[PDB]
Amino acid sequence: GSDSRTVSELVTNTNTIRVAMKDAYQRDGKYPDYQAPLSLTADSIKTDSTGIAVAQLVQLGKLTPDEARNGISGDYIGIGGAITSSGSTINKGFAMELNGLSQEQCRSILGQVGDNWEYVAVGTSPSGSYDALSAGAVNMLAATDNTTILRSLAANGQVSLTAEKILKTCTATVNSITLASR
C-alpha cells in the first residue's frame, strides 16, 4: 500500500493478534464467542470479563491495548467465532473484523494480508460497529465470489487476491474486512 497513516500498524496488529489467539486458545481446539469490544477503553480492556477476545488476550499478558486497536476506526478490534461446517455449534475457527475502512485503506490491507488467511470477506461495517461478527459465527465455507466472499474453504476458495482482483472489491465508501482462520 501507499504511504498512508495507520494502515501498516493495523496490518501488523492482525499478525500479532493471530499469534496471540493461537497461543491462548489453539490447544483448546476452539475459540471464544464474539463479545463486543466497542465500549472498551484502554482501562477496561484490562478489566472487562464478559469474554471479549482482545480483553482476554490483554488480561493474559499476550497482547497490549495498542496492539488490540484499529486506529483507522478508533475501535478495539472485533474478534468472534468462525465455523468450519454447516450448523456447527463449536467455534473451530476465529474471525477478526476490521471496520471503518475507506476504499484505499481496504485495498491496501487486502494487498498486504489477503493470501495469508484462509477466509477473507469484505463488508460495509462502519466505525462503531461490527456487523459481521454481531450476526453470528462466520461461515468459513461460504462460496467465493469476486466482490464479497473473497477467499474461503469452499471449493476453489483459495483465490489469489492479486492487485487486479482487489480492484473488484472494497468498492463502497465504507468498507470492512473479515479475516478468519482455523
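Numbering starts at 1 and follows the sequence shown.
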item	value
Between 124-132 and 142-150 (mean CA B-factor, as deposited), the higher	142-150
Mean C-alpha temperature factor, higher of 24-32 and 52-60	24-32
C-alpha B-factor winner, where the candidates are 6, 175, 181, 178	6
Residue 161, C-alpha B-factor rank within chain (lowest, middle or highest third)	lowest
Where the record places residue 72 (Cα B-factor, split into thirds across the chain)	highest
Chain-relative CA temperature factor third for residue 65	highest
